[PDB]
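In what follows, one protein chain appears twice in different forms, each by itself as structure tokens: structure 1 and structure 2.
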Structure 1
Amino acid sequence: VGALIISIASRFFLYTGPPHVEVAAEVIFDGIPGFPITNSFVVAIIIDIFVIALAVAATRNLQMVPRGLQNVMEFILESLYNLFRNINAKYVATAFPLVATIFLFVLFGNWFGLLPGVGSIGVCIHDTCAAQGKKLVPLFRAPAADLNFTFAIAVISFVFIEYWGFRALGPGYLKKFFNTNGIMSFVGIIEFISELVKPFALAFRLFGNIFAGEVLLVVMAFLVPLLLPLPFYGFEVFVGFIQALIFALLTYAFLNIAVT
């Protein structure tokens, strides 16, 4: 070790090799008439099948003493259970299949976005397709970078919280719909506006916090491609894990605050 930090490996084709930026918001892969399949939907399937396979492997021959995949699955599930019970101890059972799967889907979606080939591998500086007459559309885009997936999660969560806020405390909802006297009347409209904002805020938060990370990884691959984006690879791993956990946490916290 010593002080052998030379960083000469960092001085390898600083910006001549990789393309300039090459980023976009959403694209279409199609492949079937009717539904315009996207690259995000491809990952949203390759993660869904991955999660299902992981579940089958973990629950394969459930033993009394945990081992391996069963053990880590039990640890994750019970940690999430305790985390949600810390907020509300009554609706954990009902809200768990949705909130836990939000976490388990968003986590693997974000972590798949850092797999090699997310932007390098695609279909029809100059990459490869650009040598031909057709543009290079990238495959394997992280699903959380899609505004059709994050908004789907947000609207599902909003429907869930509204359903369980109307199934409890009665259909009054006088705290936000309308109040007769006091400053609570003025507070109610602001609360309604915030509640309407809430799914938009959640979807925009997830989509931005993943898309900006992917764009950062690509652009810092553009300049000094080797050994410089390692700390930011780590930071984006952590940010993916966070944005996975906090989405679940916020869904359950909003559910609890709606019930109360």
Structure 2
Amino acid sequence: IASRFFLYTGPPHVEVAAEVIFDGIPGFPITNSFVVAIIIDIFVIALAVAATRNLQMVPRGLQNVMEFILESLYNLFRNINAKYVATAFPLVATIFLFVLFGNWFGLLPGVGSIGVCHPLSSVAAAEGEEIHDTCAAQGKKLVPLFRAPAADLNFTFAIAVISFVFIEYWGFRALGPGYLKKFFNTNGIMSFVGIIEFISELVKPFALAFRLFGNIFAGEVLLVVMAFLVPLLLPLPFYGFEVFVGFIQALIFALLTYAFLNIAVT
């Protein structure tokens, strides 16, 4: 059982960085995050059209799974605010359906291994191996081809800012000029709490983006570190925790977006 924890074949170190730019020969540079964003856009669109291409009674197969997921999300959002459950559903459904597969793509084999480059070999008396990389030649860093889309502070910041813009717009949509009434209303002590609530609303998109990016980045780095410590049979529970927490983060991103929208409208 534990006798097969051979570290004679393991990674040399733990490469950690933010989003790394791909070659990007033409203008409009694309990164490793903006190739996995495209690949997961393609996957989600293909999945949606496959579930949609034949819609009928008695769902079974891809259509049944899609209906179950969609109705579960609809019931979850309805429990918070039934008035806007359908007016804002596409945003807080695509957020989940995208972030979930973004987090689950980072765990696929080869994420952090295939790069584009823009026993005897391992060191002894150490618990971590030191086998070099294929593009050690030319002294390159082996820029990973695939990264988790949420592990980049650009895509996550983008979804946070679109969520914040949506919340602000549809709080302004039906409240009159009541936003100025919730903050700095000079109703005795209500002015201070209104200013604090305005500050909190301002920092909400930053909190969401930082939370999602940090969770996904930390999961991927923990996986790399556990692989470095012991290549096999060590990162199994950590892989399970990572997939669970990726699904969790995907769900609560949409949940927090809709909850903030509800607290804004009412």
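For the two forms, the rigid core is made up of the largest set of C-alpha atoms that agree within 1.5 Å on superposition. Residue numbering: sequential along structure 1, first residue numbered 1.
Just a single entry of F177, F75, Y163, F186 exceeds or equals a 2 Å CA shift between structures 1 and 2, which is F177 (rigid core superposed). The two forms, fitted on the rigid core, differ between structures 1 and 2 by less than 2 Å at the CA of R85. Once both forms are overlaid on the rigid core, the distance between the two CA positions of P97 between structures 1 and 2 is under 2 angstroms. In the core-superposed comparison between structures 1 and 2, the C-alpha atom of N148 has shifted by less than 2 angstroms.
After superposition on the rigid core, the Cα atom of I32 is displaced by 4.2 Å between structures 1 and 2. On rigid-core superposition between structures 1 and 2, the C-alpha of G133 is found to move 3.3 angstrom. For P19, the Cα shift between structures 1 and 2 is 2.0 Å when the rigid core is held fixed in the overlay.
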